[PDB]
>>> print(open('structure-v9.pdb').read())   # PDB, C-alpha atoms
MODEL        1
ATOM      1  CA  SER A1856     -18.763 -62.702  99.989  1.00  0.00           C
ATOM      2  CA  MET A1857     -20.444 -62.421 103.411  1.00  0.00           C
ATOM      3  CA  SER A1858     -18.373 -60.135 105.711  1.00  0.00           C
ATOM      4  CA  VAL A1859     -15.556 -60.097 103.042  1.00  0.00           C
ATOM      5  CA  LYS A1860     -15.427 -56.872 101.061  1.00  0.00           C
ATOM      6  CA  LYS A1861     -13.055 -55.440  98.430  1.00  0.00           C
ATOM      7  CA  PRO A1862     -11.831 -51.935  99.440  1.00  0.00           C
ATOM      8  CA  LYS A1863     -14.494 -49.125  98.908  1.00  0.00           C
ATOM      9  CA  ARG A1864     -13.872 -47.258  95.525  1.00  0.00           C
ATOM     10  CA  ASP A1865     -14.958 -43.600  96.111  1.00  0.00           C
ATOM     11  CA  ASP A1866     -18.148 -43.096  94.095  1.00  0.00           C
ATOM     12  CA  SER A1867     -19.330 -39.861  95.744  1.00  0.00           C
ATOM     13  CA  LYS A1868     -18.356 -37.668  92.739  1.00  0.00           C
ATOM     14  CA  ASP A1869     -19.772 -40.010  90.079  1.00  0.00           C
ATOM     15  CA  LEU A1870     -23.086 -38.086  89.731  1.00  0.00           C
ATOM     16  CA  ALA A1871     -21.324 -34.806  89.156  1.00  0.00           C
ATOM     17  CA  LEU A1872     -18.776 -36.239  86.812  1.00  0.00           C
ATOM     18  CA  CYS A1873     -21.436 -38.084  84.642  1.00  0.00           C
ATOM     19  CA  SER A1874     -23.347 -34.719  84.514  1.00  0.00           C
ATOM     20  CA  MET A1875     -20.189 -33.028  83.248  1.00  0.00           C
ATOM     21  CA  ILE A1876     -19.546 -35.640  80.623  1.00  0.00           C
ATOM     22  CA  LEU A1877     -23.214 -35.434  79.497  1.00  0.00           C
ATOM     23  CA  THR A1878     -22.856 -31.601  79.228  1.00  0.00           C
ATOM     24  CA  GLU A1879     -19.869 -32.005  76.994  1.00  0.00           C
ATOM     25  CA  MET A1880     -21.789 -34.479  74.841  1.00  0.00           C
ATOM     26  CA  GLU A1881     -24.849 -32.119  74.680  1.00  0.00           C
ATOM     27  CA  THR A1882     -22.647 -29.229  73.468  1.00  0.00           C
ATOM     28  CA  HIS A1883     -20.649 -31.153  70.824  1.00  0.00           C
ATOM     29  CA  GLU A1884     -21.486 -29.966  67.311  1.00  0.00           C
ATOM     30  CA  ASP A1885     -22.342 -33.480  66.175  1.00  0.00           C
ATOM     31  CA  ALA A1886     -24.856 -34.047  69.013  1.00  0.00           C
ATOM     32  CA  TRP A1887     -27.860 -32.783  66.965  1.00  0.00           C
ATOM     33  CA  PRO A1888     -29.192 -36.218  65.991  1.00  0.00           C
ATOM     34  CA  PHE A1889     -29.177 -37.280  69.670  1.00  0.00           C
ATOM     35  CA  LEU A1890     -30.486 -34.311  71.650  1.00  0.00           C
ATOM     36  CA  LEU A1891     -34.177 -35.309  71.595  1.00  0.00           C
ATOM     37  CA  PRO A1892     -36.162 -38.499  71.270  1.00  0.00           C
ATOM     38  CA  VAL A1893     -36.732 -39.674  67.691  1.00  0.00           C
ATOM     39  CA  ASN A1894     -40.296 -38.696  66.741  1.00  0.00           C
ATOM     40  CA  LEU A1895     -41.938 -42.131  66.437  1.00  0.00           C
ATOM     41  CA  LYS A1896     -44.945 -40.684  64.560  1.00  0.00           C
ATOM     42  CA  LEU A1897     -42.738 -39.084  61.919  1.00  0.00           C
ATOM     43  CA  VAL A1898     -39.937 -41.605  61.348  1.00  0.00           C
ATOM     44  CA  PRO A1899     -41.057 -44.725  59.556  1.00  0.00           C
ATOM     45  CA  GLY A1900     -39.584 -47.945  60.857  1.00  0.00           C
ATOM     46  CA  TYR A1901     -38.180 -46.512  64.159  1.00  0.00           C
ATOM     47  CA  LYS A1902     -40.792 -47.700  66.539  1.00  0.00           C
ATOM     48  CA  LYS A1903     -40.706 -51.330  65.374  1.00  0.00           C
ATOM     49  CA  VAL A1904     -37.042 -51.652  64.764  1.00  0.00           C
ATOM     50  CA  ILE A1905     -35.465 -49.835  67.795  1.00  0.00           C
ATOM     51  CA  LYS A1906     -36.665 -51.716  70.798  1.00  0.00           C
ATOM     52  CA  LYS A1907     -35.154 -49.300  73.339  1.00  0.00           C
ATOM     53  CA  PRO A1908     -34.988 -45.688  72.106  1.00  0.00           C
ATOM     54  CA  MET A1909     -32.573 -43.448  74.008  1.00  0.00           C
ATOM     55  CA  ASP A1910     -31.429 -39.826  73.612  1.00  0.00           C
ATOM     56  CA  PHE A1911     -29.420 -37.270  75.584  1.00  0.00           C
ATOM     57  CA  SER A1912     -32.470 -35.406  76.950  1.00  0.00           C
ATOM     58  CA  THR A1913     -33.875 -38.626  78.350  1.00  0.00           C
ATOM     59  CA  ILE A1914     -30.485 -39.519  79.893  1.00  0.00           C
ATOM     60  CA  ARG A1915     -30.362 -36.024  81.394  1.00  0.00           C
ATOM     61  CA  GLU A1916     -33.802 -36.429  82.989  1.00  0.00           C
ATOM     62  CA  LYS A1917     -32.917 -39.924  84.319  1.00  0.00           C
ATOM     63  CA  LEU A1918     -29.635 -38.532  85.738  1.00  0.00           C
ATOM     64  CA  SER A1919     -31.353 -35.577  87.386  1.00  0.00           C
ATOM     65  CA  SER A1920     -34.036 -37.729  89.047  1.00  0.00           C
ATOM     66  CA  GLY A1921     -31.954 -40.556  90.533  1.00  0.00           C
ATOM     67  CA  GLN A1922     -32.814 -43.164  88.033  1.00  0.00           C
ATOM     68  CA  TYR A1923     -29.200 -44.361  87.474  1.00  0.00           C
ATOM     69  CA  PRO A1924     -28.149 -46.664  90.324  1.00  0.00           C
ATOM     70  CA  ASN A1925     -24.505 -46.461  89.354  1.00  0.00           C
ATOM     71  CA  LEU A1926     -22.105 -45.086  86.734  1.00  0.00           C
ATOM     72  CA  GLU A1927     -22.281 -48.335  84.621  1.00  0.00           C
ATOM     73  CA  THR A1928     -26.039 -48.026  84.061  1.00  0.00           C
ATOM     74  CA  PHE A1929     -25.360 -44.418  82.884  1.00  0.00           C
ATOM     75  CA  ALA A1930     -22.707 -45.632  80.365  1.00  0.00           C
ATOM     76  CA  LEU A1931     -25.125 -48.341  79.115  1.00  0.00           C
ATOM     77  CA  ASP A1932     -27.727 -45.674  78.165  1.00  0.00           C
ATOM     78  CA  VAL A1933     -25.147 -43.465  76.462  1.00  0.00           C
ATOM     79  CA  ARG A1934     -23.840 -46.478  74.429  1.00  0.00           C
ATOM     80  CA  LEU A1935     -27.488 -47.385  73.632  1.00  0.00           C
ATOM     81  CA  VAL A1936     -27.851 -44.040  71.902  1.00  0.00           C
ATOM     82  CA  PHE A1937     -24.935 -44.997  69.584  1.00  0.00           C
ATOM     83  CA  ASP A1938     -25.908 -48.588  69.094  1.00  0.00           C
ATOM     84  CA  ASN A1939     -29.392 -47.500  68.049  1.00  0.00           C
ATOM     85  CA  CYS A1940     -27.892 -44.951  65.646  1.00  0.00           C
ATOM     86  CA  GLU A1941     -25.743 -47.720  64.027  1.00  0.00           C
ATOM     87  CA  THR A1942     -28.791 -50.000  63.775  1.00  0.00           C
ATOM     88  CA  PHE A1943     -30.800 -47.449  61.854  1.00  0.00           C
ATOM     89  CA  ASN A1944     -28.320 -45.339  59.901  1.00  0.00           C
ATOM     90  CA  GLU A1945     -25.780 -46.129  57.200  1.00  0.00           C
ATOM     91  CA  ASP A1946     -22.106 -45.511  58.275  1.00  0.00           C
ATOM     92  CA  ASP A1947     -21.792 -43.181  55.215  1.00  0.00           C
ATOM     93  CA  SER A1948     -24.537 -40.685  56.168  1.00  0.00           C
ATOM     94  CA  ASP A1949     -24.273 -37.525  58.179  1.00  0.00           C
ATOM     95  CA  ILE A1950     -26.102 -39.110  61.152  1.00  0.00           C
ATOM     96  CA  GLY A1951     -24.124 -42.361  60.868  1.00  0.00           C
ATOM     97  CA  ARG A1952     -20.834 -40.410  61.022  1.00  0.00           C
ATOM     98  CA  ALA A1953     -22.169 -38.236  63.858  1.00  0.00           C
ATOM     99  CA  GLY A1954     -22.777 -41.398  65.862  1.00  0.00           C
ATOM    100  CA  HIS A1955     -19.325 -42.809  65.361  1.00  0.00           C
ATOM    101  CA  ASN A1956     -17.735 -39.466  66.271  1.00  0.00           C
ATOM    102  CA  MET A1957     -19.871 -39.074  69.422  1.00  0.00           C
ATOM    103  CA  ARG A1958     -19.160 -42.578  70.598  1.00  0.00           C
ATOM    104  CA  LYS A1959     -15.423 -41.992  70.187  1.00  0.00           C
ATOM    105  CA  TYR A1960     -15.725 -38.714  72.040  1.00  0.00           C
ATOM    106  CA  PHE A1961     -17.710 -40.331  74.876  1.00  0.00           C
ATOM    107  CA  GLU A1962     -15.385 -43.295  75.293  1.00  0.00           C
ATOM    108  CA  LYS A1963     -12.316 -41.110  75.677  1.00  0.00           C
ATOM    109  CA  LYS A1964     -13.968 -38.869  78.313  1.00  0.00           C
ATOM    110  CA  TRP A1965     -15.142 -42.027  80.087  1.00  0.00           C
ATOM    111  CA  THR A1966     -11.624 -43.599  80.224  1.00  0.00           C
ATOM    112  CA  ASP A1967     -10.002 -40.309  81.171  1.00  0.00           C
ATOM    113  CA  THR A1968     -12.490 -39.548  83.914  1.00  0.00           C
ATOM    114  CA  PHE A1969     -12.852 -42.989  85.562  1.00  0.00           C
ATOM    115  CA  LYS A1970     -10.178 -45.584  84.324  1.00  0.00           C
TER     116      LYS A1970
ENDMDL
END
>>> encode(input="structure-v9.pdb", output="structure tokens")
Amino acid sequence: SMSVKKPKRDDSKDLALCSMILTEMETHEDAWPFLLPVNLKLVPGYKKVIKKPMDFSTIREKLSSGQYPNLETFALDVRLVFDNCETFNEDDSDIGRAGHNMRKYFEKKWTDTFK
């Protein structure tokens, strides 16, 4: 509360570490569905159904331009990518499986880096 602060967690490396994680996600073999924004002209249903599209390139641009205020808002966008994928894709499809694998991969790196 006012003049009563929890001890300061060191956040000065967060930007660099999120960039590293994002690099590892970009270079995973199952990243291909997620590298670029879904083409809303060419994919029926996507525009209406997925209220907040997100992809790794868009996260990378936001990261690079100071549009994440903290490491939680970064994690929310990454998870959004996987939540959207589950909304639109059957679990038993190549893209559906890609999404589950990538989420698992992300969540481990996240825990190991920060928790």
>>> closest_residue(input="structure-v9.pdb", among="A:1880, A:1909, A:1873, A:1859", to="residue A:1927", atoms="all atoms listed in the file")
A:1873
>>> closest_residue(input="structure-v9.pdb", among="A:1957, A:1918, A:1886, A:1895", to="residue A:1934", atoms="only C-alpha atoms")
A:1957
>>> atom_distance(input="structure-v9.pdb", atom1="atom CA of residue A:1952", atom2="atom CA of residue A:1913")
21.8 Å
>>> residues_around(input="structure-v9.pdb", residues="residue A:1889", least_positions_apart="3", cutoff="10 Å", atoms="all atoms listed in the file", output="PyMOL selection string")
chain A and resi 1880-1881+1885-1886+1892-1893+1909-1913+1936-1937+1940+1950+1953-1954+1957
>>> residues_around(input="structure-v9.pdb", residues="stretch 1921-1926 of chain A", least_positions_apart="3", cutoff="12 Å", atoms="all atoms listed in the file", output="ChimeraX atom specification")
/A:1865-1874,1876,1913-1918,1929-1933,1965,1968-1969
>>> atom_distance(input="structure-v9.pdb", atom1="atom CA of residue A:1904", atom2="atom CA of residue A:1887")
21.1 Å
>>> atom_distance(input="structure-v9.pdb", atom1="atom CA of residue A:1903", atom2="atom CA of residue A:1891")
18.4 Å
>>> closest_residue(input="structure-v9.pdb", among="A:1894, A:1939, A:1944, A:1919", to="residue A:1877", atoms="only C-alpha atoms")
A:1919
>>> closest_residue(input="structure-v9.pdb", among="A:1963, A:1947, A:1938, A:1860", to="residue A:1906", atoms="only C-alpha atoms")
A:1938
>>> decode(input="structure-v9.pdb", residues="stretch 1925-1970 of chain A", atoms="N, CA and C atoms", output="tab-separated table (two decimals), in the first residue's frame")
chain	number	residue	atom	x	y	z
A	1925	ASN	N	5.20	-5.55	-19.18
A	1925	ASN	CA	5.89	-6.45	-18.26
A	1925	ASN	C	5.89	-7.88	-18.80
A	1926	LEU	N	6.59	-8.78	-18.12
A	1926	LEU	CA	6.72	-10.14	-18.69
A	1926	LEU	C	5.35	-10.90	-18.69
A	1927	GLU	N	4.38	-10.57	-17.82
A	1927	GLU	CA	3.08	-11.22	-17.88
A	1927	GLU	C	2.26	-10.88	-19.15
A	1928	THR	N	2.39	-9.66	-19.67
A	1928	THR	CA	1.62	-9.28	-20.82
A	1928	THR	C	2.25	-10.03	-22.00
A	1929	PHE	N	3.56	-10.25	-21.97
A	1929	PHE	CA	4.23	-11.06	-23.02
A	1929	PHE	C	3.68	-12.49	-23.02
A	1930	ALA	N	3.64	-13.12	-21.85
A	1930	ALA	CA	3.12	-14.52	-21.72
A	1930	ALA	C	1.66	-14.61	-22.17
A	1931	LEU	N	0.85	-13.58	-21.91
A	1931	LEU	CA	-0.56	-13.57	-22.31
A	1931	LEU	C	-0.70	-13.65	-23.86
A	1932	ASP	N	0.11	-12.90	-24.58
A	1932	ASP	CA	0.14	-12.96	-26.05
A	1932	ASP	C	0.62	-14.30	-26.60
A	1933	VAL	N	1.67	-14.89	-26.00
A	1933	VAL	CA	2.12	-16.19	-26.42
A	1933	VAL	C	0.94	-17.21	-26.22
A	1934	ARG	N	0.34	-17.22	-25.03
A	1934	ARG	CA	-0.72	-18.18	-24.72
A	1934	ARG	C	-1.92	-17.95	-25.68
A	1935	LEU	N	-2.20	-16.69	-26.03
A	1935	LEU	CA	-3.22	-16.33	-26.99
A	1935	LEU	C	-3.04	-17.04	-28.31
A	1936	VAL	N	-1.79	-17.14	-28.76
A	1936	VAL	CA	-1.48	-17.84	-29.99
A	1936	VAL	C	-2.01	-19.32	-29.89
A	1937	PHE	N	-1.78	-19.95	-28.74
A	1937	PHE	CA	-2.19	-21.34	-28.56
A	1937	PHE	C	-3.64	-21.58	-28.28
A	1938	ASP	N	-4.23	-20.66	-27.56
A	1938	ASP	CA	-5.66	-20.63	-27.33
A	1938	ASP	C	-6.44	-20.41	-28.60
A	1939	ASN	N	-6.00	-19.50	-29.45
A	1939	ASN	CA	-6.61	-19.33	-30.77
A	1939	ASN	C	-6.50	-20.61	-31.60
A	1940	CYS	N	-5.33	-21.21	-31.60
A	1940	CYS	CA	-5.10	-22.44	-32.38
A	1940	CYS	C	-6.09	-23.55	-31.92
A	1941	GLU	N	-6.27	-23.68	-30.61
A	1941	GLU	CA	-7.23	-24.69	-30.08
A	1941	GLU	C	-8.68	-24.36	-30.42
A	1942	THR	N	-9.01	-23.08	-30.47
A	1942	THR	CA	-10.35	-22.64	-30.88
A	1942	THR	C	-10.69	-23.03	-32.33
A	1943	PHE	N	-9.73	-22.98	-33.22
A	1943	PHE	CA	-9.96	-23.13	-34.61
A	1943	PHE	C	-9.58	-24.46	-35.22
A	1944	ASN	N	-8.82	-25.28	-34.49
A	1944	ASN	CA	-8.22	-26.47	-35.10
A	1944	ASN	C	-8.56	-27.69	-34.23
A	1945	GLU	N	-8.91	-28.77	-34.90
A	1945	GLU	CA	-9.11	-30.04	-34.20
A	1945	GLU	C	-7.76	-30.47	-33.53
A	1946	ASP	N	-7.87	-30.99	-32.31
A	1946	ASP	CA	-6.71	-31.65	-31.62
A	1946	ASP	C	-5.96	-32.68	-32.52
A	1947	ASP	N	-6.70	-33.45	-33.31
A	1947	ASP	CA	-6.13	-34.47	-34.19
A	1947	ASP	C	-5.99	-33.93	-35.63
A	1948	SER	N	-5.16	-32.91	-35.75
A	1948	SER	CA	-4.75	-32.31	-37.04
A	1948	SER	C	-3.30	-31.99	-36.85
A	1949	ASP	N	-2.57	-31.76	-37.93
A	1949	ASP	CA	-1.20	-31.35	-37.78
A	1949	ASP	C	-1.07	-30.02	-37.01
A	1950	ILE	N	-1.92	-29.07	-37.32
A	1950	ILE	CA	-1.80	-27.73	-36.69
A	1950	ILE	C	-2.22	-27.83	-35.26
A	1951	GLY	N	-3.25	-28.63	-34.98
A	1951	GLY	CA	-3.77	-28.80	-33.61
A	1951	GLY	C	-2.68	-29.41	-32.69
A	1952	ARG	N	-1.99	-30.41	-33.19
A	1952	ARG	CA	-0.87	-31.04	-32.49
A	1952	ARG	C	0.33	-30.11	-32.32
A	1953	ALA	N	0.62	-29.34	-33.38
A	1953	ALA	CA	1.66	-28.31	-33.34
A	1953	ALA	C	1.41	-27.38	-32.18
A	1954	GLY	N	0.18	-26.91	-32.04
A	1954	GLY	CA	-0.19	-26.00	-30.96
A	1954	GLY	C	-0.02	-26.52	-29.58
A	1955	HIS	N	-0.45	-27.77	-29.37
A	1955	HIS	CA	-0.22	-28.41	-28.07
A	1955	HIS	C	1.24	-28.57	-27.78
A	1956	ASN	N	2.07	-28.98	-28.76
A	1956	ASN	CA	3.49	-29.16	-28.55
A	1956	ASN	C	4.19	-27.84	-28.19
A	1957	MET	N	3.85	-26.80	-28.95
A	1957	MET	CA	4.43	-25.46	-28.74
A	1957	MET	C	4.07	-24.85	-27.40
A	1958	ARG	N	2.86	-25.08	-26.95
A	1958	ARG	CA	2.44	-24.58	-25.67
A	1958	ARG	C	3.25	-25.26	-24.55
A	1959	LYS	N	3.31	-26.59	-24.63
A	1959	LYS	CA	4.16	-27.35	-23.72
A	1959	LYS	C	5.58	-26.86	-23.71
A	1960	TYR	N	6.21	-26.68	-24.88
A	1960	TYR	CA	7.52	-26.17	-24.99
A	1960	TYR	C	7.70	-24.80	-24.31
A	1961	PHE	N	6.72	-23.90	-24.57
A	1961	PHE	CA	6.76	-22.55	-24.04
A	1961	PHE	C	6.70	-22.57	-22.49
A	1962	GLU	N	5.76	-23.36	-21.97
A	1962	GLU	CA	5.48	-23.34	-20.57
A	1962	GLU	C	6.65	-23.86	-19.73
A	1963	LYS	N	7.36	-24.85	-20.26
A	1963	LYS	CA	8.59	-25.29	-19.63
A	1963	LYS	C	9.69	-24.22	-19.61
A	1964	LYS	N	9.98	-23.60	-20.76
A	1964	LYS	CA	10.95	-22.52	-20.82
A	1964	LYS	C	10.58	-21.40	-19.88
A	1965	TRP	N	9.28	-21.14	-19.73
A	1965	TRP	CA	8.79	-20.03	-18.93
A	1965	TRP	C	9.10	-20.30	-17.41
A	1966	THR	N	8.64	-21.44	-16.93
A	1966	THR	CA	8.95	-21.97	-15.61
A	1966	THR	C	10.44	-22.03	-15.33
A	1967	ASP	N	11.21	-22.67	-16.21
A	1967	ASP	CA	12.64	-22.71	-16.02
A	1967	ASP	C	13.37	-21.39	-16.03
A	1968	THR	N	12.89	-20.41	-16.80
A	1968	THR	CA	13.55	-19.14	-16.85
A	1968	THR	C	13.22	-18.21	-15.67
A	1969	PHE	N	11.99	-18.26	-15.18
A	1969	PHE	CA	11.42	-17.22	-14.31
A	1969	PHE	C	10.87	-17.74	-12.95
A	1970	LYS	N	10.44	-19.01	-12.83
A	1970	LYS	CA	9.80	-19.54	-11.58
A	1970	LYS	C	10.66	-20.61	-10.86
